[PDB]
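The structure under discussion appears below in the form of structure tokens.
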Amino acid sequence: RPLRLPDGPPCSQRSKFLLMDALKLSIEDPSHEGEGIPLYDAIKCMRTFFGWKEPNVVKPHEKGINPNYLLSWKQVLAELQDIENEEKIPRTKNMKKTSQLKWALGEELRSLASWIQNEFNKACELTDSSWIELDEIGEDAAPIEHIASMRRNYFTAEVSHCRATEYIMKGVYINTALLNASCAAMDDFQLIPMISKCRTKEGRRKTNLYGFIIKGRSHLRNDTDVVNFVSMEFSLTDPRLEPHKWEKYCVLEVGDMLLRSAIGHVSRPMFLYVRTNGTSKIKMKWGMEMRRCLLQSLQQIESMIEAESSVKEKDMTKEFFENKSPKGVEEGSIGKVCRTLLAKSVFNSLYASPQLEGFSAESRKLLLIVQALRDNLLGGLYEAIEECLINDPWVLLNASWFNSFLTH
Ligand SMILES: Fc1ccc(-n2ccnc2)cc1
């Protein structure tokens with residue numbers, strides 16, 4: 001019996017920032033007066049693009065006030081143009097409490113869509129930039145022993161350029177920026193750049209701008225108190241191809257960009273995905289800890305090497321990572337296994353939900369029971385699992401995968 005997934009309209013994107021659809025404005029080897037202050041970086045990144053144009057709504061949010069989203073983006077540009085005229089650039093920028101910002105800051109069964117699998121495939125790929133330093137993974141106080149060191153360097157080589165790792169660092173940056181603003185600027189609608197940092201294949205340091213968030217008032221007394229925010233993220237993805245993915249967004253067309261491509265130079269429209277959203281102190285603390293995804297994934301690999309090692313009365317680290325008893329690798333390479341485990345850990349973090357917690361525990365129970373019947377040859381457990389298959393894309397996709405592990 002395969003699990004029954006729900007019927008209904010396709011599920012929609014619900015992460016805190018864009019994943020496969022993001023777009024970066026970037027500055028190489030940055031060195032302007034104030035390199036390392038988010039606002040200065042963001043402006044220098046904005047100054048690298050000359051294709052801006054009069055923005056308009058191309059995919060409206062069906063349940064919000066689309067003129068207010070438009071006005072909020074035009075306000076961001078207008079207030080950044082103001083900083084261009086102030087002699088000293090300030091360290092932070094508090095937006096005017098306009099009617100559009102006050103409104104935007106607050107002052108059902110869904111079937112499985114194909115985009116979430118595509119998102120997961122993209123998260124497993126390699127980018128052309130590295131996102132972590134060589135000794136990033138780990139917290140140890142002492143120098144690490146020789147075997148642990150070898151394992152960490154092999155694993156880091158495989159995941160440092162991984163797209164899942166860019167999501168980790170992107171998520172760590174924005175969650176740190178927002179939580180700091182949440183208490184350093186409680187009464188302000190602070191403009192908060194979405195920044196990441198990477199090193200190219202030639203060693204060049206690069207600073208990237210994905211867009212902006214504007215936080216609401218944040219008098220966060222406890223871990224569960226909510227700070228609302230508005231996110232505005234560049235993208236080359238035309239939202240009119242998969243409109244169901246963007247149910248929660250108003251999408252603007254805000255410029256045109258010249259690109260290298262397989263057909264040579266091409267001009268493509270640039271979009272801005274805008275939605276309102278919220279987070280809590282506890283969720284931002286968790287978002288600051290996303291580098292533990294790297295550690296949790298490494299430890300799953302170290303578990304497999306420990307198994308093979310205690311079987312051969314010998315350390316199997318070199319033999320595992322160099323692919324030397326097994327005569328292949330199902331995913332295709334050891335690198336893909338590392339990046340698939342990483343991607344699972346990152347998406348569990350980016351798409352955390354009670355639905356995910358139930359399905360994770362309850363489907364493990366159904367698995368062990370099925371494995372014990374397959375090697376050696378329930379209606380209430382099946383219900384506890386399917387009570388978590390409601391509308392969450394990550395959970396629905398993991399259930400789709402579970403059915404495949406059932407048919408085999
Ligand atoms: F840093 C920048 C600030 C504003 C604009 N801009 C574009 C259209 N109007 C203002 C561009 C770059």
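Chain lettering (A, B, ...) mirrors the order of the structure tokens, residue numbering begins at 1 for each chain separately, and ligand numbering begins at 1 in order of display.
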Write out as an MDAnalysis selection string the set of residues from region 245-391 of chain A that DSSP, computed on the backbone, places in strand (DSSP E or B).
chainID A and resid 250:259 266:280
Residues within 7 Å of ligand 1 (only C-alpha atoms and all ligand atoms), as a list in words?
residues 43, 46, 47, 52, 53, 77, 78, 80 and 81 of chain A
When distances are computed from only C-alpha atoms, which of A:362, A:233, A:225, A:375 shows the smallest separation from residue 213 (chain A)?
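Distance minimum relative to residue 213 (chain A) lands on A:233.
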Find the residue from A:195, A:3, A:334, A:124 that sits nearest to residue 382 (chain A); use only C-alpha atoms when measuring.
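Closest to residue 382 (chain A), using only C-alpha atoms: A:3.
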Env of residue 105 (chain A): 7 Å cut, atoms = only C-alpha atoms, seq-sep filter 6 positions within chain, self excluded. Answer as JSON, numbers by chain.
{"A": [216, 228, 229, 230]}
Within 10 Å of region 279-294 of chain A using only C-alpha atoms, minus same-chain residues under 3 positions, as a PDB file with C-alpha atoms, in the first residue's frame:
ATOM      1  CA  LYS A  16      12.126  32.586   3.890  1.00  0.00           C
ATOM      2  CA  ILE A 132      33.013  28.052   3.347  1.00  0.00           C
ATOM      3  CA  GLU A 136      34.697  25.856   8.750  1.00  0.00           C
ATOM      4  CA  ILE A 137      33.191  22.556   9.898  1.00  0.00           C
ATOM      5  CA  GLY A 138      33.469  21.731  13.571  1.00  0.00           C
ATOM      6  CA  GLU A 139      33.613  23.395  16.974  1.00  0.00           C
ATOM      7  CA  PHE A 155      34.024  16.106   2.904  1.00  0.00           C
ATOM      8  CA  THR A 156      34.717  19.842   2.727  1.00  0.00           C
ATOM      9  CA  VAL A 159      30.488  20.339  -0.318  1.00  0.00           C
ATOM     10  CA  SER A 160      32.311  23.698  -0.099  1.00  0.00           C
ATOM     11  CA  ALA A 164      23.182  23.805  -0.454  1.00  0.00           C
ATOM     12  CA  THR A 165      26.183  25.472   1.240  1.00  0.00           C
ATOM     13  CA  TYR A 167      21.867  28.464   1.138  1.00  0.00           C
ATOM     14  CA  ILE A 168      23.433  27.781   4.542  1.00  0.00           C
ATOM     15  CA  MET A 169      25.592  30.909   4.449  1.00  0.00           C
ATOM     16  CA  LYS A 170      22.877  33.049   2.890  1.00  0.00           C
ATOM     17  CA  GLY A 171      20.514  31.910   5.628  1.00  0.00           C
ATOM     18  CA  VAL A 172      23.092  32.441   8.362  1.00  0.00           C
ATOM     19  CA  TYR A 173      23.825  36.014   7.161  1.00  0.00           C
ATOM     20  CA  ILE A 174      20.255  37.240   6.852  1.00  0.00           C
ATOM     21  CA  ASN A 175      19.123  35.606  10.096  1.00  0.00           C
ATOM     22  CA  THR A 176      22.022  37.219  11.960  1.00  0.00           C
ATOM     23  CA  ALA A 177      21.316  40.610  10.389  1.00  0.00           C
ATOM     24  CA  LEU A 178      17.620  40.432  11.180  1.00  0.00           C
ATOM     25  CA  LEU A 179      18.058  39.228  14.767  1.00  0.00           C
ATOM     26  CA  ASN A 180      20.641  41.940  15.439  1.00  0.00           C
ATOM     27  CA  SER A 182      15.494  43.114  15.989  1.00  0.00           C
ATOM     28  CA  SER A 218      10.395  44.125  16.896  1.00  0.00           C
ATOM     29  CA  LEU A 220      10.591  40.675  21.031  1.00  0.00           C
ATOM     30  CA  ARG A 221       9.951  39.787  24.664  1.00  0.00           C
ATOM     31  CA  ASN A 222      10.161  36.000  24.151  1.00  0.00           C
ATOM     32  CA  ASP A 223      11.431  33.362  21.748  1.00  0.00           C
ATOM     33  CA  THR A 224       8.053  33.003  19.975  1.00  0.00           C
ATOM     34  CA  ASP A 225       7.262  36.708  19.522  1.00  0.00           C
ATOM     35  CA  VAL A 226       7.088  37.550  15.823  1.00  0.00           C
ATOM     36  CA  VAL A 227       8.847  40.265  13.849  1.00  0.00           C
ATOM     37  CA  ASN A 228       7.124  40.882  10.508  1.00  0.00           C
ATOM     38  CA  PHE A 229       9.164  41.763   7.441  1.00  0.00           C
ATOM     39  CA  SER A 297      25.928  15.645   7.161  1.00  0.00           C
ATOM     40  CA  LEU A 298      29.612  14.917   7.779  1.00  0.00           C
ATOM     41  CA  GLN A 299      28.606  12.795  10.764  1.00  0.00           C
ATOM     42  CA  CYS A 338      27.846  14.048   0.362  1.00  0.00           C
ATOM     43  CA  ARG A 339      25.890  16.785  -1.354  1.00  0.00           C
ATOM     44  CA  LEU A 341      22.934  14.336   2.538  1.00  0.00           C
ATOM     45  CA  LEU A 342      23.822  18.012   2.865  1.00  0.00           C
ATOM     46  CA  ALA A 343      20.844  19.110   0.761  1.00  0.00           C
ATOM     47  CA  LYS A 344      18.489  16.969   2.863  1.00  0.00           C
ATOM     48  CA  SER A 345      19.793  18.582   6.038  1.00  0.00           C
ATOM     49  CA  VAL A 346      19.541  22.113   4.643  1.00  0.00           C
ATOM     50  CA  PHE A 347      15.997  21.619   3.307  1.00  0.00           C
ATOM     51  CA  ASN A 348      14.932  20.104   6.645  1.00  0.00           C
ATOM     52  CA  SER A 349      16.130  23.393   8.118  1.00  0.00           C
ATOM     53  CA  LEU A 350      14.755  25.733   5.429  1.00  0.00           C
ATOM     54  CA  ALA A 352      11.075  23.077   9.144  1.00  0.00           C
TER      55      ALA A 352
END
